[PDB]
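Data block below; observations after.
Values quoted throughout were computed directly from the atomic coordinates according to the rules given, and no laboratory measurement underlies them. Every residue, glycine among them, receives a Cβ derived from its backbone with ideal geometry; neighbour counts consider all protein chains shown.
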């Protein structure tokens with residue numbers, strides 16, 4: 001009935017309350033994902049090669065969303081690139097501006113990502129709102145395959161980010177990124193964690209982990225454009241495929257599991 005906040009961490013003021021945004025929230029009960037609420041195929045982004053988003057890799061079980069990584073049984077060529085692995089994409093068909101957005105997620109234990117984020121959809125927007133604003137709440141991988149120093153702990157942190165890019169010429173916005181990082185206390189695939197963001201205003205973004213405030217970030221440009229939820233399991237170029245193909249794990253180890261996604265507005 002309220003967001004997950006430990007005692008002493010709820011940022012609301014005493015005459016305010018948190019209200020569930022029903023069309024951006026799901027406990028994932030039942031046997032099949034609700035495709036009137038969520039888009040899992042037909043989306044603009046098919047996947048970063050070599051990981052192709054498959055609708056078949058999305059399942060529900062036991063009141064949770066499961067996005068499972070796979071080896072494709074044969075390569076698939078799309079946009080002149082070869083795909084060899086299956087990930088998955090789940091995007092909210094409804095958007096909002098501002099609010100509190102949280103999920104409870106356990107990452108997969110593979111070289112592919114486990115993510116929870118917001119982005120606007122600039123080509124449907126007008127004038128300067130065609131610029132991109134992306135708010136990454138958590139991005140993780142389960143198996144680090146690049147020995148670059150910047151990423152050696154990427155599998156045991158909350159890695160949050162805010163991006164401004166694709167800005168139309170003449171529009172007075174800056175491009176760039178403002179990151180946040182915090183310790184999970186364990187690997188992202190070992191336990192569930194609650195990853196949350198208070199998208200408080202166009203210039204105040206506050207990240208929470210397991211019900212505790214971690215950081216406040218000023219984004220690189222105003223975040224005052226409607227944004228849509230994303231839960232995505234992909235390949236990143238900087239975390240390449242391991243020598244065994246990276247898909248020998250159990251179904252559980254190949255699965256990013258979200259127990260729920262809850263989105264809220266703060267009202268007077």
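Applying a 10 Å radius around every beta-carbon, put 28-34, 135-141 in order of their mean neighbour count, most first. All intermediate terms of the calculation are to be shown ahead of the outcome.
Details: 28-34: 12.6, 135-141: 24.6.
Ranked by mean Cβ neighbours within 10 Å, highest first: 135-141, 28-34.
Kirkwood hydrodynamic radius of the chain from all distinct Cα pairs, in Å? For the chain, the Kirkwood estimate is 18.9 Å.
Each of residue 43 and residue 215 was given a label point 7 Å from its Cα along the Cα-to-Cβ line. The distance between the two points is 2.3 nm.
The fewest-to-most ranking of 38, 238 by surrounding Cβ atoms within 10 Å reads 238, 38.
Exposure proxy check: 15, 4 ranked by fewest other beta carbons within 10 Å?
15, 4
Using the alpha-carbon centroid of each, what span in Å lies between segment 186-233 and segment 11-50? So the separation of the two Cα centres works out to 14 Å. Note on segment 207-268: Cα convex hull, mean projected area over all directions, 7.7 nm².
Against the 2.2 N^0.38 Å scaling, with N counting residues, where does segment 66-178 land? I'd like the Cα-based Rg ratio to two decimal places.
Values: Rg = 16.8 Å, N = 113, 2.2 N^0.38 = 13.3 Å.
Cα-based Rg divided by the globular estimate yields 1.27.
Above 19 Å, the calculated P(r) of segment 115-223 contains 49 percent of its Cα-Cα pairs.
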